[PDB]
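Peer 1: The file below is my_file_7.pdb, PDB, C-alpha atoms and all ligand atoms:
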```pdb
ATOM      1  CA  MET A   1       3.945  22.635 -17.308  1.00  0.00           C
ATOM      2  CA  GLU A   2       2.674  20.079 -14.773  1.00  0.00           C
ATOM      3  CA  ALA A   3       4.633  17.082 -13.614  1.00  0.00           C
ATOM      4  CA  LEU A   4       3.347  13.900 -11.946  1.00  0.00           C
ATOM      5  CA  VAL A   5       5.770  12.441  -9.432  1.00  0.00           C
ATOM      6  CA  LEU A   6       4.892   9.072  -7.957  1.00  0.00           C
ATOM      7  CA  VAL A   7       6.418   8.507  -4.540  1.00  0.00           C
ATOM      8  CA  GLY A   8       6.843   5.240  -2.641  1.00  0.00           C
ATOM      9  CA  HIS A   9       8.385   3.852   0.557  1.00  0.00           C
ATOM     10  CA  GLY A  10      11.337   2.020  -1.028  1.00  0.00           C
ATOM     11  CA  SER A  11      12.885  -1.149   0.439  1.00  0.00           C
ATOM     12  CA  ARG A  12      16.026  -3.253   0.572  1.00  0.00           C
ATOM     13  CA  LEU A  13      14.192  -5.753  -1.638  1.00  0.00           C
ATOM     14  CA  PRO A  14      13.442  -4.537  -5.210  1.00  0.00           C
ATOM     15  CA  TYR A  15       9.702  -5.244  -5.329  1.00  0.00           C
ATOM     16  CA  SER A  16       8.797  -1.769  -4.111  1.00  0.00           C
ATOM     17  CA  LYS A  17      10.708   0.082  -6.794  1.00  0.00           C
ATOM     18  CA  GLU A  18       9.661  -2.401  -9.486  1.00  0.00           C
ATOM     19  CA  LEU A  19       6.076  -1.471  -8.531  1.00  0.00           C
ATOM     20  CA  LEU A  20       6.566   2.291  -8.896  1.00  0.00           C
ATOM     21  CA  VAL A  21       8.294   1.605 -12.174  1.00  0.00           C
ATOM     22  CA  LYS A  22       5.433  -0.410 -13.588  1.00  0.00           C
ATOM     23  CA  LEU A  23       2.997   2.194 -12.323  1.00  0.00           C
ATOM     24  CA  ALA A  24       4.992   4.993 -13.979  1.00  0.00           C
ATOM     25  CA  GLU A  25       4.887   3.084 -17.248  1.00  0.00           C
ATOM     26  CA  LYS A  26       1.156   2.455 -17.128  1.00  0.00           C
ATOM     27  CA  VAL A  27       0.385   6.125 -16.553  1.00  0.00           C
ATOM     28  CA  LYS A  28       2.859   7.052 -19.309  1.00  0.00           C
ATOM     29  CA  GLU A  29       0.692   4.805 -21.551  1.00  0.00           C
ATOM     30  CA  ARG A  30      -2.466   6.728 -20.702  1.00  0.00           C
ATOM     31  CA  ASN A  31      -0.888   9.792 -22.355  1.00  0.00           C
ATOM     32  CA  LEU A  32      -2.255  12.184 -19.684  1.00  0.00           C
ATOM     33  CA  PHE A  33       0.895  13.831 -18.312  1.00  0.00           C
ATOM     34  CA  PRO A  34       3.652  15.965 -19.902  1.00  0.00           C
ATOM     35  CA  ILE A  35       6.231  14.714 -17.430  1.00  0.00           C
ATOM     36  CA  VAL A  36       6.107  11.664 -15.180  1.00  0.00           C
ATOM     37  CA  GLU A  37       8.807  10.675 -12.673  1.00  0.00           C
ATOM     38  CA  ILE A  38       9.133   8.248  -9.697  1.00  0.00           C
ATOM     39  CA  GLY A  39      11.057   8.572  -6.401  1.00  0.00           C
ATOM     40  CA  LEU A  40      11.561   6.297  -3.416  1.00  0.00           C
ATOM     41  CA  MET A  41      11.778   7.608   0.103  1.00  0.00           C
ATOM     42  CA  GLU A  42      14.472   5.211   1.441  1.00  0.00           C
ATOM     43  CA  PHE A  43      17.390   3.085   0.136  1.00  0.00           C
ATOM     44  CA  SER A  44      16.609   3.218  -3.564  1.00  0.00           C
ATOM     45  CA  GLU A  45      17.203   5.459  -6.513  1.00  0.00           C
ATOM     46  CA  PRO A  46      15.919   7.761  -7.588  1.00  0.00           C
ATOM     47  CA  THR A  47      14.982   9.571  -4.358  1.00  0.00           C
ATOM     48  CA  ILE A  48      12.124  12.038  -3.966  1.00  0.00           C
ATOM     49  CA  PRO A  49      14.360  15.170  -4.166  1.00  0.00           C
ATOM     50  CA  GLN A  50      16.090  13.717  -7.233  1.00  0.00           C
ATOM     51  CA  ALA A  51      12.689  13.022  -8.823  1.00  0.00           C
ATOM     52  CA  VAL A  52      11.384  16.498  -7.959  1.00  0.00           C
ATOM     53  CA  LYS A  53      14.505  18.243  -9.297  1.00  0.00           C
ATOM     54  CA  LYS A  54      14.423  15.909 -12.327  1.00  0.00           C
ATOM     55  CA  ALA A  55      10.936  17.235 -13.011  1.00  0.00           C
ATOM     56  CA  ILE A  56      11.912  20.919 -12.687  1.00  0.00           C
ATOM     57  CA  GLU A  57      14.787  20.277 -15.102  1.00  0.00           C
ATOM     58  CA  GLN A  58      12.168  19.405 -17.738  1.00  0.00           C
ATOM     59  CA  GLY A  59      10.402  22.721 -17.076  1.00  0.00           C
ATOM     60  CA  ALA A  60       7.513  21.869 -14.814  1.00  0.00           C
ATOM     61  CA  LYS A  61       6.041  24.750 -12.868  1.00  0.00           C
ATOM     62  CA  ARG A  62       3.373  22.714 -11.079  1.00  0.00           C
ATOM     63  CA  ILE A  63       4.566  19.387  -9.625  1.00  0.00           C
ATOM     64  CA  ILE A  64       1.841  16.912  -8.567  1.00  0.00           C
ATOM     65  CA  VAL A  65       3.279  14.523  -5.986  1.00  0.00           C
ATOM     66  CA  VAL A  66       1.148  11.431  -5.362  1.00  0.00           C
ATOM     67  CA  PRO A  67       2.140   9.185  -2.401  1.00  0.00           C
ATOM     68  CA  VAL A  68       1.641   5.606  -3.558  1.00  0.00           C
ATOM     69  CA  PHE A  69       0.826   4.360  -0.059  1.00  0.00           C
ATOM     70  CA  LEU A  70      -2.365   2.737   1.142  1.00  0.00           C
ATOM     71  CA  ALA A  71      -2.638   4.440   4.539  1.00  0.00           C
ATOM     72  CA  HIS A  72      -1.564   7.727   6.074  1.00  0.00           C
ATOM     73  CA  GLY A  73       1.732   6.892   7.730  1.00  0.00           C
ATOM     74  CA  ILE A  74       4.376   8.950   9.464  1.00  0.00           C
ATOM     75  CA  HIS A  75       6.139   8.940   6.107  1.00  0.00           C
ATOM     76  CA  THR A  76       3.124  10.518   4.424  1.00  0.00           C
ATOM     77  CA  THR A  77       2.579  13.173   7.116  1.00  0.00           C
ATOM     78  CA  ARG A  78       6.080  14.122   8.299  1.00  0.00           C
ATOM     79  CA  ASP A  79       8.954  12.873   6.160  1.00  0.00           C
ATOM     80  CA  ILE A  80       7.633  13.476   2.660  1.00  0.00           C
ATOM     81  CA  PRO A  81       6.118  16.968   3.217  1.00  0.00           C
ATOM     82  CA  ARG A  82       9.503  17.728   4.808  1.00  0.00           C
ATOM     83  CA  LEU A  83      11.523  16.492   1.833  1.00  0.00           C
ATOM     84  CA  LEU A  84       9.260  18.716  -0.292  1.00  0.00           C
ATOM     85  CA  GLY A  85       9.877  21.669   2.067  1.00  0.00           C
ATOM     86  CA  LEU A  86       6.123  21.913   2.724  1.00  0.00           C
ATOM     87  CA  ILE A  87       6.764  21.878   6.492  1.00  0.00           C
ATOM     88  CA  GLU A  88       9.455  23.900   8.256  1.00  0.00           C
ATOM     89  CA  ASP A  89      12.352  21.476   8.948  1.00  0.00           C
ATOM     90  CA  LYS A 111      18.958  17.033   2.708  1.00  0.00           C
ATOM     91  CA  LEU A 112      16.391  19.712   1.785  1.00  0.00           C
ATOM     92  CA  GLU A 113      15.190  20.612  -1.711  1.00  0.00           C
ATOM     93  CA  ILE A 114      14.389  24.236  -2.578  1.00  0.00           C
ATOM     94  CA  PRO A 115      12.386  24.979  -5.820  1.00  0.00           C
ATOM     95  CA  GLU A 116      12.205  28.290  -7.651  1.00  0.00           C
ATOM     96  CA  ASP A 117       8.698  29.829  -8.015  1.00  0.00           C
ATOM     97  CA  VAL A 118       7.390  26.349  -8.673  1.00  0.00           C
ATOM     98  CA  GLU A 119       4.492  25.032  -6.625  1.00  0.00           C
ATOM     99  CA  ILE A 120       4.517  21.476  -5.309  1.00  0.00           C
ATOM    100  CA  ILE A 121       1.039  19.963  -4.993  1.00  0.00           C
ATOM    101  CA  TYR A 122       0.923  17.144  -2.473  1.00  0.00           C
ATOM    102  CA  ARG A 123      -1.938  14.692  -3.014  1.00  0.00           C
ATOM    103  CA  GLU A 124      -3.754  12.130  -0.858  1.00  0.00           C
ATOM    104  CA  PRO A 125      -2.832   8.416  -0.557  1.00  0.00           C
ATOM    105  CA  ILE A 126      -4.820   5.529  -1.912  1.00  0.00           C
ATOM    106  CA  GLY A 127      -7.103   4.815   1.080  1.00  0.00           C
ATOM    107  CA  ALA A 128     -10.235   2.638   1.262  1.00  0.00           C
ATOM    108  CA  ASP A 129     -11.248   2.961  -2.356  1.00  0.00           C
ATOM    109  CA  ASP A 130     -13.768   0.449  -3.623  1.00  0.00           C
ATOM    110  CA  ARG A 131     -11.360  -0.404  -6.459  1.00  0.00           C
ATOM    111  CA  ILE A 132      -9.021  -1.710  -3.732  1.00  0.00           C
ATOM    112  CA  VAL A 133     -11.802  -3.871  -2.394  1.00  0.00           C
ATOM    113  CA  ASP A 134     -12.356  -5.196  -5.926  1.00  0.00           C
ATOM    114  CA  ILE A 135      -8.638  -5.917  -6.127  1.00  0.00           C
ATOM    115  CA  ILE A 136      -8.713  -7.476  -2.651  1.00  0.00           C
ATOM    116  CA  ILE A 137     -11.666  -9.668  -3.527  1.00  0.00           C
ATOM    117  CA  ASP A 138      -9.949 -10.819  -6.709  1.00  0.00           C
ATOM    118  CA  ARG A 139      -6.759 -11.446  -4.749  1.00  0.00           C
ATOM    119  CA  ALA A 140      -8.625 -13.774  -2.351  1.00  0.00           C
ATOM    120  CA  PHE A 141      -9.679 -16.034  -5.246  1.00  0.00           C
ATOM    121  CA  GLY A 142      -6.160 -16.362  -6.691  1.00  0.00           C
ATOM    122  CA  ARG A 143      -7.174 -14.015  -9.507  1.00  0.00           C
TER     123      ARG A 143
ATOM    124  CA  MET B   1     -16.148 -23.114   5.814  1.00  0.00           C
ATOM    125  CA  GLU B   2     -13.813 -20.449   4.391  1.00  0.00           C
ATOM    126  CA  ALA B   3     -12.636 -17.348   6.154  1.00  0.00           C
ATOM    127  CA  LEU B   4     -11.177 -14.164   4.647  1.00  0.00           C
ATOM    128  CA  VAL B   5      -8.552 -12.542   6.840  1.00  0.00           C
ATOM    129  CA  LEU B   6      -7.276  -9.158   5.727  1.00  0.00           C
ATOM    130  CA  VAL B   7      -3.803  -8.402   7.003  1.00  0.00           C
ATOM    131  CA  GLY B   8      -2.015  -5.056   7.197  1.00  0.00           C
ATOM    132  CA  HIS B   9       1.240  -3.528   8.466  1.00  0.00           C
ATOM    133  CA  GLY B  10      -0.223  -1.605  11.421  1.00  0.00           C
ATOM    134  CA  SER B  11       1.275   1.620  12.798  1.00  0.00           C
ATOM    135  CA  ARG B  12       1.512   3.844  15.843  1.00  0.00           C
ATOM    136  CA  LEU B  13      -0.886   6.207  14.060  1.00  0.00           C
ATOM    137  CA  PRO B  14      -4.452   4.832  13.653  1.00  0.00           C
ATOM    138  CA  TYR B  15      -4.899   5.408   9.909  1.00  0.00           C
ATOM    139  CA  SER B  16      -3.589   1.968   9.002  1.00  0.00           C
ATOM    140  CA  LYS B  17      -6.013   0.054  11.172  1.00  0.00           C
ATOM    141  CA  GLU B  18      -8.908   2.362  10.243  1.00  0.00           C
ATOM    142  CA  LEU B  19      -8.172   1.421   6.599  1.00  0.00           C
ATOM    143  CA  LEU B  20      -8.354  -2.331   7.237  1.00  0.00           C
ATOM    144  CA  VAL B  21     -11.530  -1.738   9.182  1.00  0.00           C
ATOM    145  CA  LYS B  22     -13.228   0.139   6.381  1.00  0.00           C
ATOM    146  CA  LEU B  23     -12.042  -2.468   3.926  1.00  0.00           C
ATOM    147  CA  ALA B  24     -13.417  -5.281   6.114  1.00  0.00           C
ATOM    148  CA  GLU B  25     -16.781  -3.547   6.190  1.00  0.00           C
ATOM    149  CA  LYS B  26     -16.945  -3.012   2.446  1.00  0.00           C
ATOM    150  CA  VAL B  27     -16.238  -6.669   1.735  1.00  0.00           C
ATOM    151  CA  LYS B  28     -18.735  -7.692   4.431  1.00  0.00           C
ATOM    152  CA  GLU B  29     -21.353  -5.762   2.459  1.00  0.00           C
ATOM    153  CA  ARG B  30     -20.520  -7.541  -0.796  1.00  0.00           C
ATOM    154  CA  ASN B  31     -21.928 -10.653   0.934  1.00  0.00           C
ATOM    155  CA  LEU B  32     -19.247 -12.969  -0.514  1.00  0.00           C
ATOM    156  CA  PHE B  33     -17.625 -14.423   2.613  1.00  0.00           C
ATOM    157  CA  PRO B  34     -19.012 -16.455   5.547  1.00  0.00           C
ATOM    158  CA  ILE B  35     -16.418 -15.028   7.912  1.00  0.00           C
ATOM    159  CA  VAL B  36     -14.288 -11.922   7.529  1.00  0.00           C
ATOM    160  CA  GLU B  37     -11.638 -10.774  10.025  1.00  0.00           C
ATOM    161  CA  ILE B  38      -8.751  -8.229  10.056  1.00  0.00           C
ATOM    162  CA  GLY B  39      -5.335  -8.374  11.774  1.00  0.00           C
ATOM    163  CA  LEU B  40      -2.402  -5.989  12.027  1.00  0.00           C
ATOM    164  CA  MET B  41       1.179  -7.175  11.964  1.00  0.00           C
ATOM    165  CA  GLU B  42       2.618  -4.658  14.495  1.00  0.00           C
ATOM    166  CA  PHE B  43       1.441  -2.144  17.090  1.00  0.00           C
ATOM    167  CA  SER B  44      -2.273  -2.778  16.936  1.00  0.00           C
ATOM    168  CA  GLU B  45      -5.103  -5.071  17.809  1.00  0.00           C
ATOM    169  CA  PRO B  46      -6.212  -7.443  16.692  1.00  0.00           C
ATOM    170  CA  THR B  47      -3.007  -9.193  15.585  1.00  0.00           C
ATOM    171  CA  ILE B  48      -2.731 -11.731  12.775  1.00  0.00           C
ATOM    172  CA  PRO B  49      -2.663 -14.795  15.113  1.00  0.00           C
ATOM    173  CA  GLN B  50      -5.658 -13.383  17.005  1.00  0.00           C
ATOM    174  CA  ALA B  51      -7.490 -12.857  13.702  1.00  0.00           C
ATOM    175  CA  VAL B  52      -6.579 -16.337  12.428  1.00  0.00           C
ATOM    176  CA  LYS B  53      -7.647 -18.026  15.685  1.00  0.00           C
ATOM    177  CA  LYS B  54     -10.757 -15.808  15.744  1.00  0.00           C
ATOM    178  CA  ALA B  55     -11.621 -17.270  12.350  1.00  0.00           C
ATOM    179  CA  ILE B  56     -11.103 -20.902  13.419  1.00  0.00           C
ATOM    180  CA  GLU B  57     -13.342 -20.238  16.435  1.00  0.00           C
ATOM    181  CA  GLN B  58     -16.176 -19.548  13.982  1.00  0.00           C
ATOM    182  CA  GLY B  59     -15.525 -22.895  12.269  1.00  0.00           C
ATOM    183  CA  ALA B  60     -13.440 -22.101   9.237  1.00  0.00           C
ATOM    184  CA  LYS B  61     -11.499 -24.960   7.718  1.00  0.00           C
ATOM    185  CA  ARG B  62      -9.981 -22.937   4.884  1.00  0.00           C
ATOM    186  CA  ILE B  63      -8.573 -19.524   5.872  1.00  0.00           C
ATOM    187  CA  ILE B  64      -7.798 -17.111   3.006  1.00  0.00           C
ATOM    188  CA  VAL B  65      -5.209 -14.594   4.184  1.00  0.00           C
ATOM    189  CA  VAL B  66      -4.871 -11.551   1.916  1.00  0.00           C
ATOM    190  CA  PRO B  67      -1.933  -9.169   2.599  1.00  0.00           C
ATOM    191  CA  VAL B  68      -3.238  -5.653   2.055  1.00  0.00           C
ATOM    192  CA  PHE B  69       0.158  -4.320   0.964  1.00  0.00           C
ATOM    193  CA  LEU B  70       1.124  -2.760  -2.348  1.00  0.00           C
ATOM    194  CA  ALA B  71       4.546  -4.368  -2.765  1.00  0.00           C
ATOM    195  CA  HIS B  72       6.282  -7.549  -1.677  1.00  0.00           C
ATOM    196  CA  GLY B  73       8.101  -6.560   1.477  1.00  0.00           C
ATOM    197  CA  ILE B  74      10.086  -8.442   4.072  1.00  0.00           C
ATOM    198  CA  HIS B  75       6.837  -8.499   6.032  1.00  0.00           C
ATOM    199  CA  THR B  76       5.044 -10.258   3.182  1.00  0.00           C
ATOM    200  CA  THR B  77       7.811 -12.821   2.572  1.00  0.00           C
ATOM    201  CA  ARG B  78       9.274 -13.573   6.026  1.00  0.00           C
ATOM    202  CA  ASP B  79       7.226 -12.310   8.969  1.00  0.00           C
ATOM    203  CA  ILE B  80       3.665 -13.088   7.921  1.00  0.00           C
ATOM    204  CA  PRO B  81       4.334 -16.637   6.565  1.00  0.00           C
ATOM    205  CA  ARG B  82       6.189 -17.208   9.841  1.00  0.00           C
ATOM    206  CA  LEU B  83       3.234 -16.042  11.910  1.00  0.00           C
ATOM    207  CA  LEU B  84       1.017 -18.397   9.874  1.00  0.00           C
ATOM    208  CA  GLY B  85       3.594 -21.205  10.323  1.00  0.00           C
ATOM    209  CA  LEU B  86       3.910 -21.606   6.542  1.00  0.00           C
ATOM    210  CA  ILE B  87       7.706 -21.382   6.906  1.00  0.00           C
ATOM    211  CA  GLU B  88       9.817 -23.272   9.438  1.00  0.00           C
ATOM    212  CA  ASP B  89      10.590 -20.777  12.250  1.00  0.00           C
ATOM    213  CA  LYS B 111       4.240 -16.265  19.445  1.00  0.00           C
ATOM    214  CA  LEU B 112       3.578 -19.191  17.085  1.00  0.00           C
ATOM    215  CA  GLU B 113       0.129 -20.179  15.825  1.00  0.00           C
ATOM    216  CA  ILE B 114      -0.807 -23.844  15.461  1.00  0.00           C
ATOM    217  CA  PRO B 115      -4.083 -24.734  13.591  1.00  0.00           C
ATOM    218  CA  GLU B 116      -5.735 -28.141  13.630  1.00  0.00           C
ATOM    219  CA  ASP B 117      -6.151 -29.770  10.172  1.00  0.00           C
ATOM    220  CA  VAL B 118      -7.153 -26.385   8.812  1.00  0.00           C
ATOM    221  CA  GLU B 119      -5.368 -25.050   5.752  1.00  0.00           C
ATOM    222  CA  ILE B 120      -4.182 -21.452   5.584  1.00  0.00           C
ATOM    223  CA  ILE B 121      -4.177 -20.051   2.042  1.00  0.00           C
ATOM    224  CA  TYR B 122      -1.770 -17.144   1.673  1.00  0.00           C
ATOM    225  CA  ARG B 123      -2.569 -14.806  -1.221  1.00  0.00           C
ATOM    226  CA  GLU B 124      -0.574 -12.287  -3.280  1.00  0.00           C
ATOM    227  CA  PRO B 125      -0.416  -8.524  -2.489  1.00  0.00           C
ATOM    228  CA  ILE B 126      -1.969  -5.767  -4.523  1.00  0.00           C
ATOM    229  CA  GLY B 127       0.833  -4.977  -7.012  1.00  0.00           C
ATOM    230  CA  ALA B 128       0.679  -2.827 -10.160  1.00  0.00           C
ATOM    231  CA  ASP B 129      -2.961  -3.416 -10.944  1.00  0.00           C
ATOM    232  CA  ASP B 130      -4.537  -1.065 -13.448  1.00  0.00           C
ATOM    233  CA  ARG B 131      -7.234  -0.213 -10.882  1.00  0.00           C
ATOM    234  CA  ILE B 132      -4.389   1.236  -8.801  1.00  0.00           C
ATOM    235  CA  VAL B 133      -3.348   3.361 -11.727  1.00  0.00           C
ATOM    236  CA  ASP B 134      -6.957   4.539 -12.051  1.00  0.00           C
ATOM    237  CA  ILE B 135      -6.899   5.367  -8.349  1.00  0.00           C
ATOM    238  CA  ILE B 136      -3.502   7.046  -8.738  1.00  0.00           C
ATOM    239  CA  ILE B 137      -4.672   9.103 -11.700  1.00  0.00           C
ATOM    240  CA  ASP B 138      -7.757  10.209  -9.789  1.00  0.00           C
ATOM    241  CA  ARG B 139      -5.603  11.038  -6.786  1.00  0.00           C
ATOM    242  CA  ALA B 140      -3.418  13.349  -8.925  1.00  0.00           C
ATOM    243  CA  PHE B 141      -6.454  15.452  -9.882  1.00  0.00           C
ATOM    244  CA  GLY B 142      -7.620  15.965  -6.292  1.00  0.00           C
ATOM    245  CA  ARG B 143     -10.365  13.387  -6.772  1.00  0.00           C
TER     246      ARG B 143
HETATM  247 CO    CO C 201       8.900   3.135   6.801  1.00  0.00          CO
HETATM  248 CO    CO C 202       7.523  -2.519   8.334  1.00  0.00          CO
END
```
Would you write out, as structure tokens, the structure that this file holds?
Ligand SMILES: [Co+2]
Ligand SMILES: [Co+2]
Peer 2:
Amino acid sequence: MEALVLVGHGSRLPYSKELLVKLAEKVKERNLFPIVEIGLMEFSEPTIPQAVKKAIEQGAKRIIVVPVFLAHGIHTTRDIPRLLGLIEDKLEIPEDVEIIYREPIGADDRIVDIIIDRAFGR
Amino acid sequence: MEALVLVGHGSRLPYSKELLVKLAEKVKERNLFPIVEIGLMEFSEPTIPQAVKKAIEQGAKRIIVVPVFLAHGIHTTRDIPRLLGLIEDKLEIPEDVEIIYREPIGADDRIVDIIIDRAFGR
């Protein structure tokens, strides 16, 4: 009834989409979501609209879209809410489904923990 | 003797550099590093070279540079190593100081925890 769609920048190198894929798999393994899909903004497949439609086609009524970005970028505040038709302006139209657009990662202490670890080659 | 330099994309919007700033402050208050500086790749001050030199000027011999990026981008594999002169090609020259260039965040379970939380409006 609810879908989780992870959404990432995308890049010409594969690291970006590998990342979303591993993250998808780890949340699949937590057994918390009925449906879980990923979508890259640019130059990769699947795209956000594909991912969103791919979630409706499994019968989600509420789609939770989580931008896997650290900071609030232009992408997180113009392009993606556009793609989702949450802001008036390659568009995707859903039928009596609500898209729920979440917050990015931000300065979460868990990041600092990761950062600290990363400093020490851990 | 060792400096921690956090390093971020940077953007025309301020969110990016705010992020690095908050992260700097949180690791400052873990009391783990003698010196801690931040630096943005593009658009913002301070820049990476500024941040690196700013760390040498406090008498670091070993600078730990941690790329606060989720994925491995072009920026993490060409531009930043270039800026640090770790790869042959606004150059920075250090004197008999070693720069230690760490790994980015990647698909760390703590990210998934953050992601899961983020889905639930938390
Ligand atoms: Co972009
Ligand atoms: Co860039």
Peer 1: Restricting the calculation to all atoms listed in the file: of A:38, A:74, A:48, A:7, which residue gets closest to ligand CO 202 (chain C)?
Peer 2: A:74
Peer 1: Mind listing the residues within 9 Å of ligand CO 201 (chain C), all atoms listed in the file counted, as a list in words?
Peer 2: residues 9, 10, 11, 41, 42, 73, 74 and 75 of chain A
Peer 1: To one decimal in Å, tell me the separation between atom CA of residue A:80 and atom CA of residue A:114.
Peer 2: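 Those two atoms sit 13.7 Å apart.
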Peer 1: Written as an MDAnalysis selection string, which residues does the ChimeraX specification (/A :<6) & /B give for the file shown?
Peer 2: chainID B and resid 15:16 19 71:72 128
Peer 1: Compile the contact shell of residue A:53 as a PDB file with C-alpha atoms, keeping the file's coordinate frame: residues with an atom at most 12 Å away, counting only C-alpha atoms, same-chain residues fewer than 3 positions apart removed.
Peer 2:
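Contents of out27.pdb, as written:
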```pdb
ATOM      1  CA  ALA A   3       4.633  17.082 -13.614  1.00  0.00           C
ATOM      2  CA  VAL A   5       5.770  12.441  -9.432  1.00  0.00           C
ATOM      3  CA  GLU A  37       8.807  10.675 -12.673  1.00  0.00           C
ATOM      4  CA  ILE A  38       9.133   8.248  -9.697  1.00  0.00           C
ATOM      5  CA  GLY A  39      11.057   8.572  -6.401  1.00  0.00           C
ATOM      6  CA  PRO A  46      15.919   7.761  -7.588  1.00  0.00           C
ATOM      7  CA  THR A  47      14.982   9.571  -4.358  1.00  0.00           C
ATOM      8  CA  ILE A  48      12.124  12.038  -3.966  1.00  0.00           C
ATOM      9  CA  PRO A  49      14.360  15.170  -4.166  1.00  0.00           C
ATOM     10  CA  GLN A  50      16.090  13.717  -7.233  1.00  0.00           C
ATOM     11  CA  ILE A  56      11.912  20.919 -12.687  1.00  0.00           C
ATOM     12  CA  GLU A  57      14.787  20.277 -15.102  1.00  0.00           C
ATOM     13  CA  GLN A  58      12.168  19.405 -17.738  1.00  0.00           C
ATOM     14  CA  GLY A  59      10.402  22.721 -17.076  1.00  0.00           C
ATOM     15  CA  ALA A  60       7.513  21.869 -14.814  1.00  0.00           C
ATOM     16  CA  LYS A  61       6.041  24.750 -12.868  1.00  0.00           C
ATOM     17  CA  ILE A  63       4.566  19.387  -9.625  1.00  0.00           C
ATOM     18  CA  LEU A  83      11.523  16.492   1.833  1.00  0.00           C
ATOM     19  CA  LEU A  84       9.260  18.716  -0.292  1.00  0.00           C
ATOM     20  CA  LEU A 112      16.391  19.712   1.785  1.00  0.00           C
ATOM     21  CA  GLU A 113      15.190  20.612  -1.711  1.00  0.00           C
ATOM     22  CA  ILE A 114      14.389  24.236  -2.578  1.00  0.00           C
ATOM     23  CA  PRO A 115      12.386  24.979  -5.820  1.00  0.00           C
ATOM     24  CA  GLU A 116      12.205  28.290  -7.651  1.00  0.00           C
ATOM     25  CA  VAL A 118       7.390  26.349  -8.673  1.00  0.00           C
ATOM     26  CA  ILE A 120       4.517  21.476  -5.309  1.00  0.00           C
TER      27      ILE A 120
END
```
Peer 1: In Å, how far is it from atom CA of residue B:54 to atom CA of residue B:2?
Peer 2: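 Rounded to one decimal, the two atoms are 12.6 Å apart.
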Peer 1: With N, CA and C atoms as the target, complete stretch 8-21 of chain B and hand it back as an mmCIF file, keeping the file's coordinate frame.
Peer 2:
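Saved result, selection36.cif, follows:
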```
data_model
loop_
_atom_site.group_PDB
_atom_site.id
_atom_site.type_symbol
_atom_site.label_atom_id
_atom_site.label_comp_id
_atom_site.auth_asym_id
_atom_site.auth_seq_id
_atom_site.Cartn_x
_atom_site.Cartn_y
_atom_site.Cartn_z
ATOM 1 N N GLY B 8 -2.598 -6.355 7.482
ATOM 2 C CA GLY B 8 -2.015 -5.056 7.197
ATOM 3 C C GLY B 8 -0.798 -4.815 8.074
ATOM 4 N N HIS B 9 0.038 -3.832 7.703
ATOM 5 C CA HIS B 9 1.240 -3.528 8.466
ATOM 6 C C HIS B 9 0.883 -3.200 9.921
ATOM 7 N N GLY B 10 0.008 -2.207 10.110
ATOM 8 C CA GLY B 10 -0.223 -1.605 11.421
ATOM 9 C C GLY B 10 0.755 -0.455 11.677
ATOM 10 N N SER B 11 0.366 0.514 12.509
ATOM 11 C CA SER B 11 1.275 1.620 12.798
ATOM 12 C C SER B 11 0.919 2.268 14.127
ATOM 13 N N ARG B 12 1.800 3.163 14.594
ATOM 14 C CA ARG B 12 1.512 3.844 15.843
ATOM 15 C C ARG B 12 0.360 4.823 15.611
ATOM 16 N N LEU B 13 0.291 5.427 14.417
ATOM 17 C CA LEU B 13 -0.886 6.207 14.060
ATOM 18 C C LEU B 13 -2.038 5.265 13.681
ATOM 19 N N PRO B 14 -3.299 5.728 13.763
ATOM 20 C CA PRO B 14 -4.452 4.832 13.653
ATOM 21 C C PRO B 14 -4.941 4.572 12.230
ATOM 22 N N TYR B 15 -4.378 5.308 11.262
ATOM 23 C CA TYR B 15 -4.899 5.408 9.909
ATOM 24 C C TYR B 15 -4.904 4.022 9.275
ATOM 25 N N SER B 16 -3.801 3.313 9.488
ATOM 26 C CA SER B 16 -3.589 1.968 9.002
ATOM 27 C C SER B 16 -4.728 1.034 9.423
ATOM 28 N N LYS B 17 -5.012 0.996 10.725
ATOM 29 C CA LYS B 17 -6.013 0.054 11.172
ATOM 30 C C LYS B 17 -7.416 0.529 10.809
ATOM 31 N N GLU B 18 -7.632 1.846 10.720
ATOM 32 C CA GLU B 18 -8.908 2.362 10.243
ATOM 33 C C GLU B 18 -9.207 1.833 8.838
ATOM 34 N N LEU B 19 -8.176 1.913 7.977
ATOM 35 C CA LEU B 19 -8.172 1.421 6.599
ATOM 36 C C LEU B 19 -8.641 -0.029 6.515
ATOM 37 N N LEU B 20 -7.926 -0.939 7.200
ATOM 38 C CA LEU B 20 -8.354 -2.331 7.237
ATOM 39 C C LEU B 20 -9.796 -2.416 7.727
ATOM 40 N N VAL B 21 -10.197 -1.548 8.645
ATOM 41 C CA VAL B 21 -11.530 -1.738 9.182
ATOM 42 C C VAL B 21 -12.548 -1.390 8.111
#
```
